[PDB]
Amino acid sequence: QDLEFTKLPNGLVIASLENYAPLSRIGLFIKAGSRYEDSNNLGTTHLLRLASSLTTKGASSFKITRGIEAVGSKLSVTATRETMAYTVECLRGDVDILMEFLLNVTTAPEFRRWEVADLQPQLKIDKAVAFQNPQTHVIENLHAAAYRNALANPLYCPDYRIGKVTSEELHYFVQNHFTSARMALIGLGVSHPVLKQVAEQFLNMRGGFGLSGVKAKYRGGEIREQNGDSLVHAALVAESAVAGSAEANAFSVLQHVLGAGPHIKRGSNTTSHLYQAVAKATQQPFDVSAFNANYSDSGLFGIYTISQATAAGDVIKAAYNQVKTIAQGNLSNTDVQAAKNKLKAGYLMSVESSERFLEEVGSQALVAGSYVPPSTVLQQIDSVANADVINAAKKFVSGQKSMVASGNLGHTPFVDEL
Amino acid sequence: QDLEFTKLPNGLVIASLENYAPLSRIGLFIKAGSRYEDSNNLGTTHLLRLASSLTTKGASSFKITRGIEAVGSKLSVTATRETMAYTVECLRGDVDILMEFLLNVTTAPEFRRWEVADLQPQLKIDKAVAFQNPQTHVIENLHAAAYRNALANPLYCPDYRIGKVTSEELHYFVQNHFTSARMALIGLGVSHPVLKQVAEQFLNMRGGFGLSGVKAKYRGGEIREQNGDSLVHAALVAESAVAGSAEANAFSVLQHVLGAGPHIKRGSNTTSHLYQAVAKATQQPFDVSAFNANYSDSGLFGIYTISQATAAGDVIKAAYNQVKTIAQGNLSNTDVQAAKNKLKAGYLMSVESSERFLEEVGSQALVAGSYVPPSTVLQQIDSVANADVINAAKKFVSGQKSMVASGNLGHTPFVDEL
Amino acid sequence: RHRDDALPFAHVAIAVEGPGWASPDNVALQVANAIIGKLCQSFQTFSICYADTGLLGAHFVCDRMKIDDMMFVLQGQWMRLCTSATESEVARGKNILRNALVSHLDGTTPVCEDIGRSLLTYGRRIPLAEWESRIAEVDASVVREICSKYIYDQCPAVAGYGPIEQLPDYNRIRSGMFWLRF
Amino acid sequence: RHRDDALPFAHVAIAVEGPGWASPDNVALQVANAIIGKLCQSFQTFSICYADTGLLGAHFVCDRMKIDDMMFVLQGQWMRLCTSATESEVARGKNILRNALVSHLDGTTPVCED
Amino acid sequence: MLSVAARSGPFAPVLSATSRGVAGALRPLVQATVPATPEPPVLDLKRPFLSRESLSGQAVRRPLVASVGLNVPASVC
Amino acid sequence: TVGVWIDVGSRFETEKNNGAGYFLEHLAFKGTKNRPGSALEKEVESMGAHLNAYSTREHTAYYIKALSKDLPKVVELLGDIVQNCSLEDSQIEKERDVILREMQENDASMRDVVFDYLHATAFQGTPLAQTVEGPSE
Ligand SMILES: CCCCCCCCCCCCCCCCCC(=O)OC[C@H](COP(=O)([O-])OCC(O)COP(=O)([O-])OC[C@@H](COC(=O)CCCCCCCCCCCCCCCCC)OC(=O)CCCCCCCCCCCCCCCCC)OC(=O)CCCCCCCCCCCCCCCCC
Ligand SMILES: CCCCCCCC/C=C\CCCCCCCC(=O)OC[C@H](COP(=O)(O)OCCN)OC(=O)CCCCCCC/C=C/CCCCCCCC
């Protein structure tokens, strides 16, 4: 039994799949995120994802909270820089009322002054728990360094803005970006007729497109953060390719040739070129790997390292040189085939669970007219050559770099001397 | 009656001048400062200048404080990135005991754990009052952007280091940098024999030179700080010339041609090229001027602007273009002569008061073998040509820029697009 | 008790003895747990099963000045369930438990793991239908009975780490396991 | 009294009437000032002279919960000087005043102005 | 012109730093009352990673996703 | 996913060998006679598969994630691991140093600390009081 894409007169996309699972999942996906903010209203979207249980024109906050609890269900919100998603989980037969709640949360929110002003101090706390893992703030800085305007904007609220996001800003953002032609509704555990009954409530919502935004412009930046930590984290990237491109597949295979992450518990990663290169430059604990992001109008590829403070310069260099040898065309059929194996297998494992499967389908529904089954993805992977991988490596080596580093930087190098 | 330079067998320099003033001033000057710190002991010198009344081997803290108060005198400490100075002011006849205090503060400090640990929380407060004026933190960032290692180090303690500067660090720094061959003692209101009696107590102190440090290396940096302020501050510089150089005189005259600061209360600054250029690009309140620093092994020259947030791009450009026209050799005898007038007059006014006169003499004593009287300075100014000024402008226009900006940067340009 | 007044926050764990893998009562207990789970940053309830025994209790983190209140609140909820439970909350707990059971078994790895653990502990795979039938039988009377059977007037095991000066004395904790008005 | 509970800190000024430019007493008063000038962030004493009158008093900034104590301390020092002064402190004040007078007249501008 | 003050003009008070020690006889300008910054949230201490086996897999391979739920902890990819 | 689950854990160890299972877990994937050294690791990584293990107060487990096409190899490897580990002295000493280093510094979360303390006080004088890792001694 298969998926069925469809588009309503409003431009809203709907799709569903009646897998005979005891738990039904419904996702509403929206083209919104931090890239549509500007310097005058930064942090709006963070508070927006936290505000997903304030009162609405259709149901009281108390009602929403207790009613969702009383059946055991959940309502999550997830964002990226480019998309936002509201997801509902429920047992079979619970749909209807939860769908009323979804509708009121997305199409008819109230942003009462006092509730917003009581919700503000939680931004600080949420950002703090996020910023306990060091990787997050490094990647945040990398986007700021890499881009001048749009993908640069932060996922978490700026500190100077906490306590000074207003109700009017929330209203304006929702009115200008939560529009029916930016939307898709996806249902697993649900028959198309039933999902049509659900989508029927969305027929009189805000129509057309919204404010389209600006295109991202590249920066050759560099950001350094000095702390006392004995371990230093570093990221070094260039610009690679757009989402859903053959060249992006080339870059993916390159990532998996260099090394994307571990496979054996407590292993030595003998298959990984970057790890084996670095292991000969330092004798204390390190970590290294390769990095890929892709967007609607840009993408980044590079390396990510963690090392002792006095060893950084040796590590970062040892990693970089490895990539260069591939650019010069030291690359082997055996490595390439193994990389494609890693990639096909990792992809198929990433979508065992319904949660991630729903995400993937919803991502496709916002950007393509038809669903691409995994077999087609596997073939597209199969179709990358060695020359494509070497060309990708040459692109990285030649193009203008961006860099971030955090720690005790007494021996970290500067981007100009790599 | 004239100054008398002299050097002891230790290498200590001493100079004095018996002006018949009721108030005597004595300064001890030292080659020390933040440029001799490294990433492992940042902030040491800040706490060092605040610790100038903790107990010593020769006198109790209570004794130092009350004894200085009981005669009405003062003991100041002043630093830069390259030098530190301890200065004493007193009525005639008070010298001897205050000189004992000076000796114990500089040659025999105790850094008792509990007193240091009670003194720590004042770093935060001092830095806060300093950082109320916005210019200070912008200039601090400019040095970080402009240099990789040494002149980059901050004058005020890093936040992550407050509460974690230790007594051992203070002891080590003093032992390795407060050395007799790095020192001069200067006295106004004091007869050379008396200043010899004073310097006699310094004969058995730490001898020779210390740790010499590292040479500063230039960075083509850029630092951006985003706030909500409606006014944006900006600085744009390049590398110019070393302290005490003919080329530095050229750069000074250039600064005064462009505009160094106001002369009439509530005036229009019709003589100022930068101000008149900018006044035609914006109709709301702005400020602009030219910027000079010089060091032992480097120097910076550039422009400094304050404007509305939406006008920044127009202001910064309008300023920059002005300099370029001088590089192309639109420069007039009349402007040059007027600039040299401003410069000679400003210099002579800067040394009316004994406080600044002492500073100037002490600065010379650390770097030259003989005192240079103002007449010689005025002649050196008189000796700059038009071609030197135009060459300096060309150096600025051609060389690699560094930039800092702070405010709401939605319209500020990036260093690459100027 | 391990005292260290330099750590930011106090960690605390308190259990009684649970019945083990084999007993039926586990189901009802889980429902109870779901009913219980502000003062402090973080809080949880737990059941840890072994072949013939187990631990049934709670874990939390507090600021050092708010340990006593939190212990009071927790033990009060226990006494409440033992003496005064009602149908409306029990229903909610049963629904939470249903959702948990079905949410866990998503993807091959958890399912494989469930097969292995089940064949070691139970001797047999227990299908979701049997779990649903077991859940449907619980009611407020069952909760009252079984909570009384394992929690009420029992001696607990306590562990604390941190700035734990304000963690109540053991006699004060033991006296909190029963009500004088009952 | 102008009340605004949104401002961070409280500002306060309290004077009595001073004698004016012409009187001799000014000198002694200045000494007193130097003797007086912790609780709060900032504090000062002042004398403001006119032809026939003047203001003699003090100014300070406090956190809102520490205004009362500070007023108590200030008025207590005043009463102390009126009733119980001693030679040792007076000497210190005279020296502070000497230093101020000679420090001010440095450079042409202040001298012209004087 | 070898002191900062004689050379730099109106930028001297930002190119130089000073602390006037025990209180003096005259009263300075720009007294500067201090509304200091508030304290951030307090958190548990960090664990070290002093082995390769503990650092293995910490390096980033893909950009991040931000998540929250009404009855689930907030999370980051 | 395919694995082997084993009815063994820390509550079957005596104070003389408390900590043996964790030791064995450290060098489970380090080589077999048929696949010396890193050959096993390289063959797992060339399939694109993942390999994991764990150890508990009462159970032990080793499993593999893979493509369904690879079942004959998977089981093969899985049988090679549980019958034919090469317990070489060099590897034993390397694991000894690693575990000691891993115990030296305070590399434990406070939650784990309090739960270990709870088991110790509740089940004192009984095998369940003892930890999976065991003492450093
Ligand atoms: C004199 C010499 C002096 C010097 C001597 C020197 C040496 C001294 C050394 C020793 C010093 C000791 C110091 C004191 C230590 C105190 C410790 C302590 O407080 O621990 C806190 C202890 C620790 O727990 P926690 O951590 O705080 O947790 C709190 C939880 O809520 C816990 O919840 P819980 O449910 O577990 O417990 C709550 C409940 C637990 O208690 C119960 O539920 C019942 C307990 C047993 C039954 C007692 C019933 C008494 C009823 C009143 C009298 C009538 C009796 C019948 C006759 C009717 C006549 C008409 O208790 C209460 O709620 C408190 C009140 C209980 C009685 C209810 C009546 C209240 C009104 C009293 C006045 C009535 C006057 C009119 C009477 C009628 C007309 C004549 O918890 C308590 O709350 C303990 C309660 C202690 C109550 C004592 C009551 C004594 C008064 C009785 C009545 C007297 C008047 C009689 C008049 C004549 C008619 C008969
Ligand atoms: C007159 C001559 C008598 C000579 C004989 C000896 C006299 C002295 C004997 C001891 C008297 C003690 C009186 C004080 C109460 C002591 C209570 C005690 O030790 O037990 C503590 C215990 C507290 O419980 P915890 O476990 O700590 O907390 C549980 C929380 N979930 O006390 C209790 O039981 C409190 C509840 C009330 C108990 C009854 C109090 C006394 C009154 C009861 C009878 C009422 C009628 C009185 C009529 C008097 C004549 C008009």
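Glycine gets a Cβ as well: all are built from the backbone with ideal geometry, and neighbour counts include every protein chain shown. Only the coordinates and a few stated rules stand behind these numbers; no lab work does.
Miscellaneous remarks
- Applying the criteria of a DSSP loop state and at most 14 other Cβ atoms within 10 Å to the GluC sites (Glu not before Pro) of segment F:1-108 yields F:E15, F:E88, F:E105.
- Copy-to-copy label separations for A:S370, where each label sits 7 Å from Cα toward Cβ, in nm and ascending: 9.3
- Those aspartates and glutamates that a straight Cα-Cα span of less than 12 Å connects to B:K401, excepting residues fewer than 8 apart in one chain: B:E222, B:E239, B:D416, B:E417
- Charge dipole (chain A, unit charges on Cβ, about Cα centre) - positive-most of A:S52, A:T412, A:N391: A:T412
- Loop-located trypsin sites (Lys or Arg not before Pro) in segment F:1-52 whose Cβ has at most 15 other Cβ within 10 Å (DSSP): F:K16, F:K33
- Inter-part distance, segment A:186-222 to segment A:334-408, computed on C-alpha centroids, equals 24 Å.
- Other residues with beta-carbon under 13 Å from the beta-carbon of A:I162 carry, at +1 per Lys or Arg and -1 per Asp or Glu, a net charge of +2.
- Karplus (6.51, -1.76, 1.60) ³J(HN,Hα), θ = phi - 60°, over segment B:78-93, in Hz, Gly and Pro reported as x: 10, 10, 9, 6, 10, 9, 10, 9, 10, 10, 10, 10, 7, 6, 5, x
- Less than 5 angstrom separates the built amide H of A:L409 from those of A:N227, all sequence-distant by 5 or more or on a different chain.
- A Förster distance of 56 Å, applied to the separation of the beta-carbon atoms of D:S88 and D:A6, puts the FRET efficiency at 0.75.
- Burial order of peptide ranges B:213-226, D:2-15, C:108-121 (average beta-carbon count within 10 Å, highest first): B:213-226, C:108-121, D:2-15
- Taking 4.7 Å between C-beta atoms as the pairing limit, chain D has these partnerless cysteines: D:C49, D:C82, D:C112.
- For chain B, the longest principal axis of the alpha carbon atoms and the long axis of helix B:134-146 meet at an angle near 90°.
- Under 5 Å between amide hydrogens, built in the peptide plane, is the criterion, and for A:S16 it picks out A:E4, A:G187 among residues at least 5 positions away or on other chains.
- Exceeding the 20 Å Cα-Cα cut-off - candidates A:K217/B:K217; A:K265/F:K16; B:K164/B:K215; B:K7/B:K31; A:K280/E:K46: A:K217/B:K217; A:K265/F:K16; B:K164/B:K215; A:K280/E:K46
- Between F:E15 and A:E115, the modelled label-to-label distance comes to 6.2 nm, taking each label 7 Å out from Cα in the direction of the beta carbon.
- Test item: Cα-centred dipole of segment F:29-121, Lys/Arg +1 and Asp/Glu -1 on Cβ, debye: 360 debye
- Distances in nm from A:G207 to the matching label points in the other copies, shortest first (labels 7 Å along Cα to Cβ): 9.6
- A cut-off under 11 angstrom between Cβ atoms defines the neighbours of B:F178, and their net charge, with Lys, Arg +1 and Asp, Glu -1, is +3.
- Calculated FRET efficiency for the pair A:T65/B:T282, C-beta based, R₀ 60 Å, to 0.05: 0.70
- Charge tally in the Cβ shell below 15 Å around B:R148, where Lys, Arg are +1 and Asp, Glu are -1, B:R148 excluded: -2
- Spacing of the modelled spin labels on F:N52 and B:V397, each 7 Å from Cα toward Cβ, amounts to 6.5 nm.
- Here the 3J(HN,Hα) profile of segment E:21-27, calculated from phi with Karplus coefficients 6.51, -1.76 and 1.60 at θ = phi - 60°, is x, 5, 4, x, 7, 8, 10 Hz, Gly and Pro shown as x.
- Fully extending the segment from F:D80 to F:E93, taken as 0.36 nm per residue of separation minus the present Cα-Cα distance, adds 2.4 nm.
- Calculated FRET efficiency for the pair A:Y218/B:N149, C-beta based, R₀ 22 Å, to 0.05: 0.15
- Residues of type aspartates and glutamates that B:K196 reaches as a straight line, Cα spacing below 15 Å, ignoring anything fewer than 8 places off in the same chain: B:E4, B:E18, B:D96, B:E100
- Listed residues C:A136, C:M70, C:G20: farthest to the positive end of the dipole of chain C (Cβ charges): C:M70
- Calculated label separations, B:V397, copies of the chain, 7 Å along the beta-carbon direction, nm: 3.9
- Those residues of segment C:9-49 whose amide nitrogen sits under 20 Å from the label point placed on C:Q166, 7 Å along Cα→Cβ: C:9-14, C:38-44
- Exercise: per-residue mean of other protein chain Cβ atoms within 10 Å, A:256-264: 5
- Checking every one of the trypsin sites (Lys or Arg not before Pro) in segment A:32-119 against DSSP loop status and a limit of 15 other Cβ atoms within 10 Å picks out A:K57, A:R92, A:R112.
- Cβ crowding within 10 Å averaged over residues, with B:330-339, E:2-11, A:141-150 ranked highest first: A:141-150, E:2-11, B:330-339
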